[PDB]
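Residue-level structural notes
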There are 2 protein chains.
Amino acid sequence: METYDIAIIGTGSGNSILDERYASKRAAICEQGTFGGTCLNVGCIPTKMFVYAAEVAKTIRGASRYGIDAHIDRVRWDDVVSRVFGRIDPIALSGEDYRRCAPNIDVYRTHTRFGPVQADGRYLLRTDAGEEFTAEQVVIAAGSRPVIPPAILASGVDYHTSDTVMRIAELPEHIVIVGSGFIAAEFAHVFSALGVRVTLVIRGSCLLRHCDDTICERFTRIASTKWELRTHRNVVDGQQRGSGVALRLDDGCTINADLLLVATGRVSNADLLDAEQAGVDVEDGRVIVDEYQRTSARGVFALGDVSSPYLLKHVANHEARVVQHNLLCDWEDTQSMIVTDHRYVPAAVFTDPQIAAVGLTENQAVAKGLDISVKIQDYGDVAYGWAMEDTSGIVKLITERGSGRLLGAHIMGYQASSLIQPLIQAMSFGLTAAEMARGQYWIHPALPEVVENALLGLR
Amino acid sequence: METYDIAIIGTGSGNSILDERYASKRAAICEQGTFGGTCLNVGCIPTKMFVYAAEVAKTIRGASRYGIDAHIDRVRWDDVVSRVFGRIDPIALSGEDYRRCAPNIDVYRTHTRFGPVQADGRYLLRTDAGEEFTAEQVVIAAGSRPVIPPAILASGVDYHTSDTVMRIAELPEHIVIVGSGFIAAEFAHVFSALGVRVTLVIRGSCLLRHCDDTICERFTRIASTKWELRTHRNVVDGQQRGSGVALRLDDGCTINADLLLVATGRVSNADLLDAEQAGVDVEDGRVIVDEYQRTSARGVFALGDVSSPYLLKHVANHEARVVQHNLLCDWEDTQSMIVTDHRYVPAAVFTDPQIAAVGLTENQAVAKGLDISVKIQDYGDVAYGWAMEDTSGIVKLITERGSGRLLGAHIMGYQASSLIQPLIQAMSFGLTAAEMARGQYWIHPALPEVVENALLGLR
Ligand SMILES: Cc1cc2nc3c(=O)[nH]c(=O)nc-3n(C[C@H](O)[C@H](O)[C@H](O)COP(=O)(O)OP(=O)(O)OC[C@H]3O[C@@H](n4cnc5c(N)ncnc54)[C@H](O)[C@@H]3O)c2cc1C
Ligand SMILES: Cc1cc2nc3c(=O)[nH]c(=O)nc-3n(C[C@H](O)[C@H](O)[C@H](O)COP(=O)(O)OP(=O)(O)OC[C@H]3O[C@@H](n4cnc5c(N)ncnc54)[C@H](O)[C@@H]3O)c2cc1C
């Protein structure tokens, strides 16, 4: 049997752990899927590449509004996929060879499970290929996996997820997307801009429900005009109709479509770990971690979607930085460790219009009994919005009336993820709204003026 | 003669002075040109509207690179001008009626000059229409005016400036722009994107020279490939060629063109005031003001291009806010006034690629003997740059090695004026580079990751 000093399960954010501090130790890496993780191969990086291609097509269609008559001749979807994955797929191989060729790091490419803890304190790990090894410290970065509704699974129909829809041969004529999350909204923007008829079948009343109701209500109204929105509906059955699909809904109506995309959420991969056999406690479906990313087992850390409540890459990277430091630091030296901070976490949804938010919502501050001041500023009231002829873009700020500090920031409009950054800086470092408005300069007539005027308007 | 409490010369930024605190005094407004000023009618607002229209056309032309085959059918230049100025021109009428119809405000629409000071100490003002009146307090906001080379004026050739070139009937086939400032660079981007052949005749060696040399050198190289750049050349003579022009250069070569655009700089309007007859001192060609915007004459303030060294609207509005407060404040109570802030002034040039900068450049910090750290981060190294397939976007940061604070920030690329705002906030409030990188969250995979990596790369 082989002995290792540290074993990491998952090459997502856990790949960024073995640095030069581990040059004298023997490490083992486990990756049941493709090297690199989810974000690179089938996640954030390839999706936003398709989004920018969609944003190019959206500009051409609405060019007539500005005085330029243009039209799209062809959408070479085959070359778009080749351009996207021609950059990503070779990256996964280079990173895989960089770790495998290292003499002190050994890579296992099968599903690894937890075994009973050995007498000496070392953790036994077993792979689905039949490999057994031990490690003093163990890092859990198993991530998450998609969830498919049981009614869709029991139907036996051909469906697609975010993991497989990005490598399709030809663009369909009509697609049905089941879901209302950030994945479902971004894909609706991609296919619609490329010329596909999009139909959203959501079970709730608003798209992107966990956003502020002001944003969700305005965006759901705008989205309902460009896409076919079926609210309060659930898919109960379906059958093949050739290359397409025929799905029956909970109200008796049936929908014919060429492709079915399931985006009903994701849950952690902790259930396929046998963590109970090693002393790691699991609640709901996630791994229990503390402020030092320490689990209920001595020497075992965890990070990423497998434990964190935020399924975001910028959060998983902050937890990977905590694991890197709190590792080499004795298990009980909590004064010499670093605490993971989750205060003011931002998020963005790359749709049309783009949405980006950070902090509490208006109703969330009300539920906490805070005396708040709210201002909603439109893009069309700023000089840059005049050049854009914008008629829907907004930026919403919530501040505590007493302290004058920012409580929440919700933007829905052009360059939402970029204009939200100066607002993230004020919240993270404790800058009051009055200081952000008049304490610095804003270039005229740049776009961030809509954030400046929103602060001035906070009556 | 008419008695007034306050008289303001210039309805540009000076219009934002008359508040409800003066709702009982008799005020006089002077506007020799069109109401609203330079920025709205013939400046920033209409120019940046044409820029966005040009940026839309630029996206369609290079759309094939991303997999979308498109082409521009027609450029309705007449509808672009009508859409822009159909929105701007009525604003000048509404703002003009808003002041004239007020019983306490009287509007004079001719050029106003300074007269000899009256015996009682009040300032006499005379307009070119024959109106004489007096005022207790005077605000000078005369702005600036374009500068035309003497060789072009003595030639008798038909030339255009930023005040007149935007309302042309039909787009020319070939245009020549004489100048290297921010005005000349933005207009070269506008006409080139709309299909005009652009030829730059600059007197120096680099385009946008007063910017960081790293930016100027890279931008001048890019501009030389899409536009015809003739460096170290000056127009010495010219003659009409029909609807076009034939210009003679300082090296004997002649250029035939359809339109001539002059962007060789601007000069303050203080020289056309007879200001020495009222006791207000003039240096160079601008009015001398102190840190409280006070001139050398008791009761006389000044703001805008007529005095400030920075010819920017966001600076002229900050100076108008200081005048508005220190006006209503006793002339000798300097302890109860507000100081004009010129510490971290930003600027942007809306060209292709877009440029935005704030603070000192690398060569400026060297001349001051500061131990600095410099990092140049490429757009192509961030996840958003992959979706953009960017190959030229950069962000340059200069920090003091000792204090660790930001000394300068120079960006050349997509969303330059928007990406620089979080950097302006850190400099204006005293945030260190290490705090900006790891003290807050950056949305993945948003564009501001290039600013985060530029801070992380500093060593
Ligand atoms: C379509 C899509 C778009 C997204 N867009 C964004 C976005 O814009 N911004 C953002 O912040 N986040 C985004 N995310 C979320 C982001 O991708 C994840 O939150 C992030 O990848 C989680 O990192 P991780 O390393 O914990 O998970 P992963 O990167 O998935 O790491 C888990 C890896 O380990 C493997 N593994 C699991 N269990 C085992 C085992 N027992 N043995 C061996 N190997 C195992 C898995 O196969 C996988 O390769 C998106 C996700 C999706 C699906
Ligand atoms: C093409 C162009 C683009 C620009 N783009 C930008 C940009 O993107 N960002 C930016 O920050 N700045 C920009 N500027 C600069 C900006 O326009 C000025 O810095 C700002 O408008 C200064 O305001 P002001 O009120 O002092 O000048 P003005 O707005 O010109 O005010 C002066 C007004 O008073 C009148 N006047 C002058 N003298 C007299 C007199 N004796 N009697 C009566 N009336 C008089 C003038 O005719 C004029 O109408 C640009 C300028 C130009 C020309």
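Definitions and cut-offs
Residues numbered from 1 in each chain as written, not as in the entry; some residues may be left out. Chains lettered and ligands numbered in written order. Heavy atoms only, no water. Residues with missing side-chain atoms left out of burial classes, pairs and counts. UniProt positions renumbered as here; feature names shortened; annotations may be inferred. Buried < 20%, exposed > 50% of the residue type's maximum accessible area, 1.4 Å probe, protein only. Helix = DSSP H or I, 4+ residues; strand = E, 2+ residues; numbered from the N terminus. Pairing = 2+ DSSP bridges. Axes fitted to C-alpha atoms, helices over the stretch in contact; angles between N-to-C directions. Near = heavy atom within 4 Å. Polar contact = N/O pair within 3.5 Å; in protein donor to acceptor, adjacent residues only side chain to side chain. Areas by Shrake-Rupley, 256 points an atom, 1.4 Å probe, with all protein chains shown as cover. Nonpolar A, V, L, I, M, F, W, Y, C, P; charged D, E, K, R; others polar. Domains from an automatic or database assignment. Contact = heavy atoms within 4.5 Å.

- Structure determination for this entry is recorded as X-ray crystallography, at 3.42 Å resolution.

- Under the PDB entry, the name given to chain A is Mycothione reductase, and the source organism is Mycobacterium tuberculosis.
- In the PDB, the entry goes by the title "Mycothione reductase from Mycobacterium tuberculosis in complex with Respiri-1093".
- Recorded in UniProt under Subunit, the annotation for chain A is "Homodimer."

**Things to note about helix α13 (residues 449-456) of chain A**
- Where burial is concerned, most of α13 of chain A is hidden: 6 out of the 8 residues are buried.
- The complete set of buried residues in α13 of chain A reads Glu-449, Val-450, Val-451, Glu-452, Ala-454 and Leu-455 of chain A.

**Description of the sheet that holds strand β22 (residues 372-378) of chain B**
Residues and elements named next belong to chain B.
- Taken in spatial order, the 5 strands make up an open sheet running β20-β21-β24-β23-β22, and their pairing is antiparallel. Whereas interior strands pair on both sides, the edge strands pair on one side only; in this sheet they are β20 (346-349) and β22. Mean inter-strand twist for the sheet, computed between neighbouring axes without regard to direction, equals 10°.
- Examined bridge by bridge, strand β23 (residues 394-400) and strand β24 (residues 406-412) share 6 bridges and lie antiparallel to one another. What sits directly across from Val-395, in β24, is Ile-411.

**Side note on the site of ligand 2**
- Near ligand 2 there are 33 residues, and of these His-444 of chain A together with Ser-13, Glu-31, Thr-38 and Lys-313 of chain B occur at the shortest range.
- Contact between ligand 2 and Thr-112 of chain B: a nitrogen atom at 3.0 Å from a main-chain N or O atom of the residue.
- Contacts to ligand 2 include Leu-311 of chain B, whose backbone N or O atom sits 3.3 Å from an oxygen atom.
- When ligand 2 sits alone it has 1,000 Å² of accessible area, and the protein chains cover 95% of it.
- Here the residues of the shell around ligand 2 are counted per class, giving 12 nonpolar, 16 polar and 5 charged.
- Viewed by domain, the shell around ligand 2 spans two of them, domain 1 (2-146 + 267-336) and domain 2 (150-264) of chain B, each represented by three or more residues.

**Here we look at the site of ligand 1**
- The local shell around ligand 1 holds 34 residues, among which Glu-31, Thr-38, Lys-48 and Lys-313 of chain A together with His-444 of chain B are the closest.
- Ligand 1 sits at the junction of chains A and B, each of which supplies nearby residues.
- Between ligand 1 and the protein, one listed contact pairs an oxygen atom with a side-chain N or O atom of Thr-38 of chain A at 2.5 Å.
- Backbone polar atom of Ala-141 of chain A to an oxygen atom of ligand 1: 3.5 Å apart, as the coordinates give it.
- Look at ligand 1: alone it shows 1,000 Å² of surface, and the protein chains cover 96% of it.
- Of all the elements in the fold, those that place two or more residues in the shell around ligand 1 are α1 (38-42), α2 (44-61), α5 (182-193) and α7 (313-327) of chain A.
- Broken down by element, the residue count for the shell around ligand 1 peaks at 3 residues, all from α2 of chain A.

**Description of the pairing of strand β6 (residues 123-127) of chain A**
All names here are of chain A.
- Along β6, 4 of the 5 residues are buried, which leaves the element largely enclosed by surrounding structure.
- Note: β6 against strand β7 (residues 132-140), 4 bridges, orientation antiparallel. Paired with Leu-125 across the strands is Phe-133, a residue of β7.
- In this structure, the hairpin formed by β6 and β7 is closed by a connection of 4 residues, where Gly-130 is found at a positive phi of approximately 105°.

**Some words on the UniProt feature "active site" in chain A**
- Mapped onto the present numbering, the UniProt feature "active site" falls on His-444 of chain A.
- Within the secondary structure layout, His-444 of chain A lies in the loop between α12 (433-438) and α13.
- Setting aside its immediate chain neighbours within four residues, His-444 of chain A contacts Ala-383 and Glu-449 of chain A together with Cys-39, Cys-44, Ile-45, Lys-313 and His-314 of chain B.
- At 3.2 Å, the side chain of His-444 of chain A and the side chain of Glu-449 of chain A are in polar contact.

**A look at the UniProt feature "binding site: FAD" in chain A**
All names here are of chain A.
- This chain's UniProt record puts "binding site: FAD" on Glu-31, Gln-32, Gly-33, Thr-34, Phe-35, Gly-36, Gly-37, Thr-38 and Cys-39.
- Note on placement: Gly-36 falls in the loop between β2 (27-30) and α1.
- Ignoring sequence-local partners within four residues, the contact set of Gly-36 consists of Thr-11, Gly-12 and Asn-41.
- Mapping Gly-37 onto the fold places it in the loop between β2 and α1.
- By relative accessible area, which is 13% here, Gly-37 ends up buried.
- The contact partners of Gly-37, leaving out residues within four places of it in the chain, are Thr-11 and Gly-12.

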